[PDB]
$ cat final.txt   # compact mmCIF, C-alpha atoms
# COMPACT_ATOMS: atom_id res chain seq x y z
CA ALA A 711 -103.02 -14.64 85.67
CA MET A 712 -101.90 -17.16 83.02
CA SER A 713 -104.28 -15.38 80.63
CA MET A 714 -102.84 -12.05 81.84
CA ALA A 715 -99.33 -13.37 81.09
CA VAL A 716 -100.06 -14.64 77.56
CA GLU A 717 -102.06 -11.42 76.96
CA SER A 718 -99.15 -9.06 77.67
CA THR A 719 -96.38 -11.17 76.12
CA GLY A 720 -98.23 -12.37 73.00
CA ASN A 721 -99.52 -8.87 72.25
CA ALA A 722 -96.42 -6.79 73.05
CA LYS A 723 -93.96 -9.23 71.43
CA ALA A 724 -96.06 -9.44 68.23
CA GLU A 725 -95.76 -5.65 67.91
CA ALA A 726 -92.00 -5.86 68.57
CA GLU A 727 -91.73 -8.83 66.17
CA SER A 728 -93.26 -6.83 63.29
CA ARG A 729 -90.99 -3.78 63.64
CA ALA A 730 -87.92 -6.06 63.71
CA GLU A 731 -89.33 -7.92 60.68
CA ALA A 732 -89.78 -4.53 58.96
CA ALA A 733 -86.22 -3.52 59.90
CA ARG A 734 -84.96 -6.68 58.15
CA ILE A 735 -86.46 -5.29 54.92
CA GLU A 736 -84.53 -2.03 55.41
CA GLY A 737 -81.33 -4.01 56.11
CA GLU A 738 -81.64 -6.25 53.05
CA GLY A 739 -82.92 -3.25 51.06
CA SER A 740 -80.08 -0.93 52.09
CA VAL A 741 -77.55 -3.60 51.04
CA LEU A 742 -79.09 -3.87 47.55
CA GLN A 743 -79.55 -0.07 47.41
CA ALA A 744 -75.93 0.61 48.44
CA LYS A 745 -74.85 -2.07 45.94
CA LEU A 746 -76.79 -0.21 43.22
CA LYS A 747 -75.50 3.13 44.55
CA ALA A 748 -71.96 1.77 44.09
CA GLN A 749 -72.57 1.33 40.35
CA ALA A 750 -74.40 4.68 40.18
CA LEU A 751 -71.42 6.53 41.70
CA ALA A 752 -68.85 4.28 39.96
CA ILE A 753 -70.17 4.96 36.44
CA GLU A 754 -70.72 8.62 37.42
CA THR A 755 -67.39 9.40 39.12
CA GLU A 756 -65.21 7.21 36.85
CA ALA A 757 -66.67 8.28 33.49
CA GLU A 758 -66.58 11.95 34.57
CA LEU A 759 -62.94 11.41 35.61
CA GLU A 760 -62.06 11.63 31.89
CA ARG B 761 -63.62 7.04 43.89
CA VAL B 762 -61.71 8.84 46.68
CA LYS B 763 -58.60 6.90 45.59
CA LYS B 764 -58.75 7.69 41.86
CA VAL B 765 -59.75 11.34 42.49
CA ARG B 766 -56.94 12.27 44.91
CA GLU B 767 -54.40 10.00 43.18
CA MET B 768 -55.23 11.40 39.72
CA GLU B 769 -55.17 14.92 41.21
CA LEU B 770 -51.71 14.08 42.62
CA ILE B 771 -50.16 13.21 39.22
CA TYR B 772 -51.86 16.36 37.86
CA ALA B 773 -50.57 18.54 40.72
CA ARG B 774 -47.14 16.88 40.38
CA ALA B 775 -46.72 18.05 36.77
CA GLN B 776 -47.98 21.51 37.85
CA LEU B 777 -45.94 22.02 41.05
CA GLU B 778 -42.86 21.13 38.95
CA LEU B 779 -44.10 23.34 36.09
CA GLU B 780 -44.22 26.08 38.75
CA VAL B 781 -40.50 25.57 39.51
CA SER B 782 -39.51 25.80 35.82
CA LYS B 783 -41.19 29.22 35.69
CA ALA B 784 -39.19 30.40 38.72
CA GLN B 785 -36.03 28.74 37.33
CA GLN B 786 -36.11 30.57 33.97
CA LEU B 787 -37.13 33.84 35.67
CA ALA B 788 -34.19 33.47 38.08
CA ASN B 789 -31.83 33.07 35.10
CA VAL B 790 -32.97 36.20 33.21
CA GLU B 791 -32.73 38.09 36.53
CA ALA B 792 -29.16 36.91 37.22
CA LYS B 793 -28.22 37.23 33.53
CA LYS B 794 -29.50 40.82 33.28
CA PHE B 795 -27.82 41.45 36.65
CA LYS B 796 -24.51 40.13 35.24
CA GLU B 797 -24.87 42.17 32.03
CA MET B 798 -25.05 45.36 34.15
CA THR B 799 -22.69 44.71 37.09
CA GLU B 800 -19.66 44.04 34.84
CA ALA B 801 -20.66 46.52 32.09
CA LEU B 802 -20.99 49.24 34.75
CA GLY B 803 -17.66 48.47 36.45
CA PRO B 804 -16.37 45.85 38.94
CA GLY B 805 -14.53 48.63 40.82
CA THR B 806 -17.09 51.39 40.17
CA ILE B 807 -19.75 49.62 42.29
CA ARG B 808 -17.28 49.69 45.22
CA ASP B 809 -16.44 53.42 45.07
CA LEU B 810 -20.04 54.48 44.29
CA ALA B 811 -21.28 53.07 47.63
$ encode --input "final.txt" --output "structure tokens"
Amino acid sequence: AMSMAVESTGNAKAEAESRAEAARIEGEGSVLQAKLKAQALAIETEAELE
Amino acid sequence: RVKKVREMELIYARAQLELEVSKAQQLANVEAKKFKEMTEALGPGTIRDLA
């Protein structure tokens, strides 16, 4: 049963650890993307304001 | 963006909504002027008896 316990936890958590680790890339990516999108829209909407 | 688009549109619309009133102001004058040039030229008393 101790092997059954470490089987279920170690396997299922490792799957749930990877998707959360992947979501961290989207979070850090979306920050840098939105930061770049700020400049994209800033230079677009401000320069076209003339 | 949403600041400098609605704010810049405001100063634009300000000088247009007031330009709109100057149109109606001058058109109200020529109306009242041309009304005055007829009402007195016709007759101050004639308008009374004609009705």
$ interface_residues --input "final.txt" --of "chain B" --to "chain A" --cutoff "12 Å" --atoms "all atoms listed in the file" --output "number ranges by chain"
B: 761-769
$ atom_distance --input "final.txt" --atom1 "CA of residue 741 in chain A" --atom2 "CA of residue 760 in chain A"
29.0 Å
$ atom_distance --input "final.txt" --atom1 "CA of residue 734 in chain A" --atom2 "CA of residue 719 in chain A"
21.8 Å
$ atom_distance --input "final.txt" --atom1 "CA of residue 795 in chain B" --atom2 "CA of residue 807 in chain B"
12.8 Å
$ decode --input "final.txt" --residues "range 718-744 of chain A" --atoms "N, CA, C and O atoms" --output "tab-separated table (two decimals), in the first residue's frame"
chain	number	residue	atom	x	y	z
A	718	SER	N	0.42	6.60	-6.91
A	718	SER	CA	-0.65	7.54	-7.27
A	718	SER	C	-0.24	9.00	-7.11
A	718	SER	O	-0.50	9.82	-7.99
A	719	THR	N	0.40	9.32	-5.98
A	719	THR	CA	0.82	10.69	-5.70
A	719	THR	C	1.93	11.14	-6.64
A	719	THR	O	1.78	12.14	-7.35
A	720	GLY	N	3.03	10.40	-6.65
A	720	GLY	CA	4.19	10.72	-7.48
A	720	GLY	C	3.89	10.84	-8.97
A	720	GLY	O	4.48	11.67	-9.66
A	721	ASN	N	2.96	10.02	-9.46
A	721	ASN	CA	2.56	10.05	-10.86
A	721	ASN	C	1.61	11.21	-11.16
A	721	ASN	O	1.85	12.00	-12.08
A	722	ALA	N	0.53	11.31	-10.38
A	722	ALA	CA	-0.51	12.31	-10.61
A	722	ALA	C	-0.04	13.73	-10.32
A	722	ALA	O	-0.46	14.67	-11.01
A	723	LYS	N	0.82	13.90	-9.32
A	723	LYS	CA	1.35	15.22	-8.98
A	723	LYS	C	2.36	15.70	-10.02
A	723	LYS	O	2.43	16.89	-10.31
A	724	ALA	N	3.14	14.77	-10.57
A	724	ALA	CA	4.13	15.09	-11.60
A	724	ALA	C	3.47	15.61	-12.87
A	724	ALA	O	4.03	16.47	-13.56
A	725	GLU	N	2.29	15.08	-13.18
A	725	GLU	CA	1.48	15.57	-14.30
A	725	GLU	C	0.93	16.96	-13.98
A	725	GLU	O	0.94	17.85	-14.83
A	726	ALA	N	0.45	17.14	-12.75
A	726	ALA	CA	-0.09	18.42	-12.30
A	726	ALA	C	1.01	19.46	-12.03
A	726	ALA	O	0.74	20.66	-12.01
A	727	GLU	N	2.24	18.99	-11.81
A	727	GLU	CA	3.39	19.87	-11.62
A	727	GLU	C	3.85	20.46	-12.95
A	727	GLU	O	4.30	21.61	-13.00
A	728	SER	N	3.75	19.68	-14.02
A	728	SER	CA	4.20	20.10	-15.35
A	728	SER	C	3.27	21.14	-15.98
A	728	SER	O	3.75	22.10	-16.59
A	729	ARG	N	1.97	20.95	-15.83
A	729	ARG	CA	0.98	21.89	-16.37
A	729	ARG	C	1.03	23.24	-15.66
A	729	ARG	O	0.81	24.28	-16.28
A	730	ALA	N	1.31	23.22	-14.35
A	730	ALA	CA	1.50	24.44	-13.57
A	730	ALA	C	2.83	25.12	-13.95
A	730	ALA	O	2.91	26.34	-13.98
A	731	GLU	N	3.85	24.30	-14.22
A	731	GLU	CA	5.14	24.80	-14.69
A	731	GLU	C	5.02	25.41	-16.09
A	731	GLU	O	5.69	26.39	-16.40
A	732	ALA	N	4.16	24.82	-16.92
A	732	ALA	CA	3.87	25.35	-18.25
A	732	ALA	C	3.07	26.64	-18.17
A	732	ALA	O	3.28	27.56	-18.97
A	733	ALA	N	2.14	26.71	-17.22
A	733	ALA	CA	1.32	27.91	-17.00
A	733	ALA	C	2.16	29.11	-16.54
A	733	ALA	O	1.81	30.26	-16.81
A	734	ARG	N	3.25	28.82	-15.83
A	734	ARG	CA	4.20	29.86	-15.41
A	734	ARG	C	4.86	30.53	-16.62
A	734	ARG	O	5.16	31.72	-16.58
A	735	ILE	N	5.08	29.76	-17.69
A	735	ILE	CA	5.65	30.28	-18.93
A	735	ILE	C	4.66	31.23	-19.61
A	735	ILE	O	5.05	32.27	-20.14
A	736	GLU	N	3.38	30.85	-19.60
A	736	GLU	CA	2.32	31.71	-20.14
A	736	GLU	C	2.17	33.00	-19.32
A	736	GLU	O	1.94	34.07	-19.89
A	737	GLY	N	2.30	32.89	-18.00
A	737	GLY	CA	2.20	34.05	-17.11
A	737	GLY	C	3.33	35.04	-17.31
A	737	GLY	O	3.10	36.24	-17.47
A	738	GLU	N	4.56	34.53	-17.31
A	738	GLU	CA	5.75	35.36	-17.56
A	738	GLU	C	5.80	35.83	-19.01
A	738	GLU	O	6.29	36.92	-19.30
A	739	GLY	N	5.30	34.99	-19.92
A	739	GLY	CA	5.22	35.34	-21.34
A	739	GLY	C	4.19	36.42	-21.62
A	739	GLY	O	4.48	37.38	-22.34
A	740	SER	N	3.00	36.28	-21.04
A	740	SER	CA	1.92	37.25	-21.22
A	740	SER	C	2.28	38.64	-20.67
A	740	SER	O	1.84	39.65	-21.22
A	741	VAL	N	3.08	38.67	-19.61
A	741	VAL	CA	3.58	39.93	-19.05
A	741	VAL	C	4.49	40.63	-20.06
A	741	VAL	O	4.32	41.82	-20.32
A	742	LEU	N	5.44	39.89	-20.61
A	742	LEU	CA	6.39	40.43	-21.59
A	742	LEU	C	5.68	40.75	-22.91
A	742	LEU	O	6.02	41.72	-23.59
A	743	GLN	N	4.69	39.93	-23.27
A	743	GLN	CA	3.89	40.15	-24.48
A	743	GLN	C	3.00	41.39	-24.35
A	743	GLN	O	2.91	42.19	-25.28
A	744	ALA	N	2.34	41.54	-23.20
A	744	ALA	CA	1.51	42.72	-22.92
A	744	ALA	C	2.36	43.98	-22.80
A	744	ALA	O	1.92	45.07	-23.15
